[PDB]
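Chains as they are written, first to last, in the authors' numbering: chain A, 1 to 31, 31A to 31B, 32 to 52, 52A, 53 to 82, 82A to 82C, 83 to 100, 100A to 100G, 101 to 127, 132 to 213; chain D, 512 to 519; chain B, 1 to 30, 30A to 30E, 31 to 212. Please read the structure below before turning to the comments.
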């Protein structure tokens, strides 16, 4: 209840099993029990309670919306509790959180224990790992110009983009990726600079996609 | 209440 | 399942002004022992939700007295007396009188700043992209407020619908603006079968729409 740490595979195929572990680092001693839950959040959507269990028992409560595809268990000796999900649909891509809740009567006033893990993004997709194609975005604007890089048709998330080996940060906007109908992702990163600097300064975008072990640097000039 | 523990 | 309805979906607030978020349940949240089982969470940007108010009206330690919760058995209100920048994020109500636990749909609180018109840029595809078989033409709207904006694509002067997708940044921590990308994707033969490409932007900061265009080649 001092800390919750989630772990598990970041990408799972639709026929496979989604398996997540939550490791509980406890706090000051007390008598009674905690309730541990799994909650998920699809990208840009709300929260959905998956299921949970009290620490003193071996019976699990489940959300009926989850069609009995979820199996949640715990081990206080392994200070862990687990989520298994199968079969899967693209609709199960989400950030998954583990939570611990209790009413706290140990103090002079009634209070709450309420702890959340950082969450783990799990993408369900049959797409194969693929490195991105990186194309420069060159200025087509008289006072200030804009440059960018298009990083397209990669899988899975995430990709990281820096400018001039991280030396350029002011005015940088890296847009959230969009899932294409092909099952791959594409995004753009842009930066605005004074046009007078276009002749004197070099601008390079550095793209890193570790799932495919791809690293690209593209110069963007006019 | 459901889904919440109690510590004393 | 108990249905939780939360209003509104999005709440822009000028700093210092009050905000009110409503939540309803389809059933009473009053349990046997007389407690009303309704909690409020706040999920700050890039973070996990955490508990803000519990049992309708009790503030978690560290939550300022600016936050207050009220309600009946089925109708609940979270009030923020004067909104500050640290308050931005998504608020969620949650009932726990019965399984399954259910959440409201969330209310995104953002900072209202002065109107700022977007800077508009268009990017013609590189020669590499043209040899790739598929082409992406990029339209950038830089540093604007509010979020609402219209982006229309024009091919040889004609309105083109379909084959385009948008992506928006979250509100910038430094100037409180948004930026937006609109990408038109075409087959290469289709791309080379036209001459002029343009994006037109409508936004409250512009007295009339702004058009950025290029001639292929």
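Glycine is no exception: its CB is placed at the ideal position from the N, C-alpha and C atoms.
Pick from 77(B), 44(B) and 203(B) that is closest to residue 59(B), judged by C-alpha positions: Per the Cα distances, 77(B).
My understanding is that residue 135(A) touches residue 79(A), with C-beta atoms under 8 Å, so please give their C-beta distance in whole angstroms. Beta-carbon to beta-carbon, residue 135(A) and residue 79(A) are separated by about 53 Å, too far to satisfy the 8 Å threshold.
Just the C-alpha distance for residue 91(B) and residue 68(B), rounded to the nearest angstrom, thanks. Cα to Cα, the separation comes out at about 13 Å.
Quick check: the region 198-207 of chain A against the region 3-12 of chain B, are at least 3 beta-carbon pairs closer than 8 Å? Between the region 3-12 of chain B and the region 198-207 of chain A, the count of C-beta pairs closer than 8 Å stays below three; the two stretches do not touch.
Rank 97(A), 109(A) and 81(A) by C-alpha distance to the C-alpha of residue 12(A) and give the top, closest one. The residue with the shortest Cα to Cα distance from residue 12(A) is 109(A).
Using a Cβ-Cβ distance cut-off of 8 Å, determine whether residue 513(D) contacts chain B. Yes, contact with chain B.
Just the chain D side, please: which residues come within less than 8 Å of residue 30A(B) by C-beta, in chain order? The answer, in chain order, is 512.
What are the start and end residues of each continuous beta strand (DSSP E) run of 3 or more residues lying completely inside the region 120-156 of chain B, in chain order? Entirely contained in the region 120-156 of chain B, the beta strand (DSSP E) runs reaching 3 residues are, in chain order, 129-139, 145-150 and 153-155.
Taking a contact to mean a Cβ-Cβ separation below 8 Å, would you say residue 66(A) touches residue 46(B) in this structure? Taking 8 Å as the cut-off, the beta carbon of residue 66(A) is found no closer than this to the beta carbon of residue 46(B).
Could you confirm whether any beta carbon from chain A is found closer than 8 Å to the beta carbon of residue 2(B)? Residue contact with chain A for residue 2(B): absent (no Cβ-Cβ distance below 8 Å to any residue of chain A).
Can you tell me whether residue 185(B) is helix, strand or coil according to DSSP? Looking at residue 185(B) - three-state DSSP - the assignment turns out to be helix.
Under 8 Å, CB to CB, which of the residues in the region 92-105 of chain B have a partner in chain D? Of all residues in the region 92-105 of chain B, 92, 93, 94 and 96 have a Cβ within less than 8 Å of some Cβ in chain D.
Mind listing the chain D neighbours of residue 30E(B)? Cutoff is C-beta to C-beta under 9 Å, in chain order. Under the 9 Å cutoff, chain D gives 512.
Residues of chain A with CB closer than 7 Å to the CB of residue 151(B), please, in chain order. Residues of chain A passing the Cβ test: none, with the nearest at roughly 17 Å.
Would you mind telling me which residues of chain D sit closer than 8 Å to residue 32(A), beta carbon to beta carbon, in chain order? Listed by position along chain D, the residues whose Cβ is nearer than 8 Å to that of residue 32(A) are 516 and 518.
On the criterion of 16 or more Cβ atoms from any shown chain inside 10 Å, does residue 95(A) qualify as buried, or is it exposed? Its Cβ being crowded by 16 or more others within 10 Å, residue 95(A) is buried.
Let's see if you can read the secondary structure: which residues bound the beta strand (DSSP E) around residue 80(B)? Boundaries cannot be given for residue 80(B), as no beta strand (DSSP E) includes it and DSSP labels it neither H nor E.
Looking only at DSSP bridge pairs, what is residue 215(B) linked to? Summary: the structure shown does not reach residue 215(B), with chain B confined to residues 1 through 212, and so no result is reported for it.
Would you verify that the beta carbon of residue 213(A) is, or is not, closer than 8 Å to some beta carbon of chain D? Using beta-carbon distances, residue 213(A) does not count as an interface residue toward chain D, since no partner is under 8 Å.
Distance, Cα to Cα, residue 124(A) vs residue 190(B)? If you draw a straight line from the Cα of residue 124(A) to the Cα of residue 190(B), it is about 19 Å long.
Cβ-Cβ separation, residue 104(B) to residue 11(B) (assumed contact under 8 Å), whole Å: Between residue 11(B) and residue 104(B) a beta carbon distance of about 5 Å is seen, short of the 8 Å cut, so the two are scored as contacting.
With a threshold of 16 other CB atoms inside 10 Å of the CB of residue 87(B), please say whether the residue is buried or exposed. In this structure residue 87(B) is buried. Its beta-carbon is surrounded by 16 or more other beta-carbon atoms within 10 angstroms.
Is residue 35(A) close to chain D? Criterion is C-beta to C-beta, closer than 8 Å. So yes, residue 35(A) belongs to the interface.
Just the C-alpha distance for residue 185(B) and residue 115(A), rounded to the nearest angstrom, thanks. CA-CA distance, residue 185(B) to residue 115(A), rounds to 28 Å.
Between residue 56(A) and the rest of its own chain, which residues show a CB-CB distance below 8 Å, the 5 nearest in sequence each way excluded? Excluding its 5 nearest sequence neighbours in each direction, residue 56(A) has C-beta neighbours in its own chain below 8 Å: 51, listed in chain order.
Of all the options 72(A), 31(A), 82C(A) and 54(A), which has the alpha carbon lying nearest to the alpha carbon of residue 63(A)? Selected option, being the one with the closest Cα: 82C(A).
Going along the region 104-125 of chain B in order, which residues come within less than 8 Å of chain A, judged by CB to CB distance? So the close ones are 114, 116, 117, 118, 119, 120, 121, 123 and 124.
Could you check where the beta strand (DSSP E) with residue 32(B) kicks off and where it finishes? Counting along the chain, no beta strand (DSSP E) covers residue 32(B), and no H or E run does either.
Inter-residue CB distance, residue 178(B) and residue 195(B) (contact presumed, cutoff 8 Å): 15 Å between Cβ atoms; not a contact.
Which same chain residues end up closer than 7 Å to residue 68(A) when comparing Cβ atoms and leaving out the 5 residues on each side of it in sequence? Closer than 7 Å at Cβ, skipping near neighbours: 81.
Run the CB neighbour count on residue 519(D), radius 10 Å, all protein chains shown included, and call it buried at 16 or more, exposed below. It counts as exposed.
If you follow the beta strand (DSSP E) that residue 42(B) is in, where does it begin and where does it stop? Neither: residue 42(B) is in no beta strand (DSSP E) and is coded neither H nor E.
Going along chain B, which residues have a C-beta under 9 Å from residue 101(A)? The answer, in chain order, is 34, 36, 45, 46, 49 and 55.
With a cut-off of 8 Å on the beta carbons, I'd call residue 514(D) and residue 96(B) a contact; round off their distance for me. With a Cβ gap of about 5 Å, residue 514(D) and residue 96(B) count as contacting.
So residue 122(A) and residue 138(A) are in contact, right, with Cβ under 8 Å, and what is the actual spacing, rounded? Here residue 122(A) is actually not in contact with residue 138(A); their C-beta atoms are around 12 Å apart, not less than 8 Å.
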